[PDB]
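Protein chains in written order, with our numbering: chain D, 1 to 211; chain Z, 1 to 212.
Heads up, the beta-carbon is just placed ideally off N, CA and C, and yes, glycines get one too.
To start, the structure itself, in structure tokens.
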Amino acid sequence: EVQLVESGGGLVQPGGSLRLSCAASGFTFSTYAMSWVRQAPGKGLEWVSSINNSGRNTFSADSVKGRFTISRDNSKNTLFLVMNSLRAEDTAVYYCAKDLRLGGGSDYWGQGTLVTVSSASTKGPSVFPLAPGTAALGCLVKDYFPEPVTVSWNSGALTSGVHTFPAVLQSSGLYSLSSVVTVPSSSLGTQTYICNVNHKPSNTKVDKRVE
Amino acid sequence: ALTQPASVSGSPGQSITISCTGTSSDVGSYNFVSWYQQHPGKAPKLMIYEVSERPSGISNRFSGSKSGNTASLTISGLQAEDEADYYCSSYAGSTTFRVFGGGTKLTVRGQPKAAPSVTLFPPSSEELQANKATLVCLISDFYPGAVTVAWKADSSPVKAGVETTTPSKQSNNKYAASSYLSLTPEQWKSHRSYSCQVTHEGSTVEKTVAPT
Ligand SMILES: [Cl-]
Ligand SMILES: [Cl-]
Ligand SMILES: [Cl-]
Ligand SMILES: [Cl-]
């Protein structure tokens with residue numbers, strides 16, 4: 001399948017720098033123009049910059065001129081956004097996309113990576129098991145900053161019946177979420193269920209058995 | 001810099017049209033209008049490019065056109081799955097390069113009203129040993145999107161220590177919300193039970209949990 005795998009997002013102080021990567025596969029990356037488009041939480045799509053197939057010409061939104069620099073390595077099938085001098089207003093999910101043509105429509109999008117520009121410091125979550133025809137079990141991922149946190153079950157082996165809920169933002173400025181999975185009641189105390197929690201900004205990697 | 005209506009709505013099987021107005025700097029002068037569909041929690045998906053062309057795989061219910069400075073996206077035979085935000089963009093010359101519209105929220109009427117599934121978890125033994133207690137009330141598959149949740153210690157209303165999210169749309173077009181109650185281990189063990197009570201259009205769903 002066509003894949004645009006994004007990384008390098010996460011937490012950054014105002015004035016600070018990040019570099020987003022977007023690794024492409026399953027199409028001839030060197031043939032196409034690419035773009036970065038961003039979207040602030042609850043807001044619309046904004047074009048950030050594009051780059052022609054050779055990487056020799058680049059184009060950037062006025063809002064970003066002189067601060068962000070788009071580039072690509074055709075050899076390694078990767079597209080980059082170097083983001084310098086970040087401001088609070090740059091907080092947004094950043095998508096890379098493959099364009100059908102330069103300045104035209106974008107036909108495959110990566111999943112987005114959240115960039116949080118904030119002076120708050122990172123905090124890793126505490127993880128707690130949620131146990132009780134059908135039954136629900138979960139994990140509680142408590143008190144972390146910034147978003148996001150990813151939860152899988154049985155190392156990605158369990159996917160059917162999994163619902164990871166939108167996080168609450170507490171008065172404190174910290175987030176908590178829960179992930180739940182519905183399973184047959186008969187599975188309990190036979191099958192083993194383990195939530196795998198990752199909070200990249202704090203390098204927290206936690207596996208909790210749920211009984 | 002492109003102008004789209006904030007909202008459009010139609011009923012199933014109907015046709016709707018979303019407009020996208022720019023100027024001769026972009027929409028008026030080029031055949032470079034594209035339209036995007038975005039479901040909540042998902043990347044945008046290209047529906048139309050070069051004003052009228054459909055990528056392979058896109059239903060021919062979707063069509064596009066343009067007249068003067070305004071481009072149009074048409075959805076015919078409306079289906080509940082078409083509910084989503086839609087965005088136009090346009091090539092805009094060598095300098096500006098590309099502009100988006102501000103987005104159109106399309107709602108498809110006649111969606112079944114659906115009562116919340118409620119799951120309430122007690123505090124884990126692990127959390128109790130760590131000198132805290134969180135009750136987790138998970139609320140899903142409801143529509144329309146507005147709920148109010150109230151917590152009870154035994155039968156008494158609890159206000160303090162409650163954090164509740166705003167509902168936000170899931171994949172299926174239904175909503176989810178969470179509500180969290182913080183207690184000391186001592187409060188948890190000195191009641192017969194606690195309840196999470198979700199009201200959704202006149203009608204209450206309640207779940208109750210008790211110590212071990
Ligand atoms: Cl990342
Ligand atoms: Cl464990
Ligand atoms: Cl015309
Ligand atoms: Cl016009």
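- Spanning the alpha carbons of Z:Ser156 and Z:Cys196 requires a straight line of approximately 12 Å.
- Contacts with chain Z (Cβ-Cβ distance below 7 Å) from the region 125–140 of chain D involve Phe128, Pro129, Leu130, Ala136, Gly138, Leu140, listed in chain order.
- With fewer than 16 other Cβ atoms inside 10 Å of its own Cβ, D:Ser172 counts as exposed.
- Residue-level contact check: Z:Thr21 does not touch chain D, since none of the beta carbons of chain D fall below 8 Å from its beta carbon.
- Sequence-distant partners of D:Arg19 (beyond 5 residues in either direction) whose C-beta falls short of 8 Å from its own C-beta, in its chain, are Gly8, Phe80, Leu81, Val82, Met83.
- Taking a beta-carbon distance threshold of 8 Å, D:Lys142 counts as an interface residue toward chain Z.
- Apart from sequence neighbours up to five positions away, the residues of its chain that approach D:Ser60 with a beta-carbon distance below 6 Å are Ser49, ordered along the chain.
- Under the three-state reduction of DSSP, Z:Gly64 is assigned to strand.
- Taking every residue with its beta carbon within less than 5 Å of a heavy atom belonging to ligand 1 gives, in chain order, D:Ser7, D:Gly9, D:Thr113.
- 8 Å or more divides the Cβ of D:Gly26 from the Cβ of D:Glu6.
- Going by DSSP, D:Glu6 is part of the beta strand (DSSP E) stretching over 3–7.
- In this model, Z:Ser19 and D:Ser17 are separated by some 38 Å (Cα to Cα).
- For Z:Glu127, the residues of chain D that pass the 7 Å Cβ criterion are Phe128, in the order they occur in the chain.
- At a beta-carbon threshold of 7 Å, none of the residues of chain Z lie near D:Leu114; the nearest stands roughly 12 Å away.
- Positions of the beta strand (DSSP E) runs, each at least 3 residues long and wholly inside the region 41–99 of chain Z, are given as 45–48, 62–67, 70–75, 84–91 in order along the chain.
- The beta carbons of Z:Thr119 and Z:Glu83 sit no closer together than 8 Å.
- The residues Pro185, in chain order, have a CB closer than 7 Å to that of Z:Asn131 in the same chain once the five nearest residues on each side in sequence are set aside.
- At a cut-off of 8 Å between beta-carbon atoms, D:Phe68 makes no contact with chain Z.
- For D:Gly105, the chain Z residues whose Cβ falls inside 9 Å of its Cβ are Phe32, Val33, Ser34, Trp35, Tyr36, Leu46, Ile48, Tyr49, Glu50, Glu53, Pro55, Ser89, in order along the chain.
- Of all residues in the region 130–142 of chain Z, those with a C-beta nearer than 7 Å to a C-beta of chain D are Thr134, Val136, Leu138, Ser140, reading in chain order.
- If you check the C-beta of Z:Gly68 against ligand 4, you find a heavy atom less than 7 Å away.
- Not one heavy atom of ligand 4 falls within 7 Å of the beta-carbon of Z:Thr17.
- Against chain Z, a Cβ distance below 7 Å from D:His199 picks out nothing, because the smallest value is about 18 Å.
- Between the region 114–125 of chain D and the region 154–170 of chain D there are fewer than three inter-stretch CB-CB distances shorter than 8 Å, so the stretches are not counted as touching.
- Z:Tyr86 sits close to Z:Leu73, with the two beta carbons spaced by under 8 Å.
- Leaving aside the five residues that flank D:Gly138 on each side, the residues in its chain whose CB is nearer than 6 Å to its CB run, in chain order, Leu130, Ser178, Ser179, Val180.
- Taking a contact as a CB-CB distance under 8 Å, the pair Z:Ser67 and Z:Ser52 does not count as one, their CB atoms being some 12 Å apart.
- A straight line joining the alpha-carbon of Z:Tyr49 with that of D:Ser54 spans about 23 Å.
- Straight through space, the alpha carbons of Z:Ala71 and D:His163 are spaced by roughly 38 Å.
- Contacts with chain D (Cβ-Cβ distance below 7 Å) from the region 167–198 of chain Z involve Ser168, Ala176, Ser178, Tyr180, listed in chain order.
- For D:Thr78, the closest C-alpha among the options D:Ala88, D:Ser35, D:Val93 is that of D:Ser35.
- Taking 8 Å as the threshold, the shortest C-beta distance from D:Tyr94 to chain Z does not fall below it.
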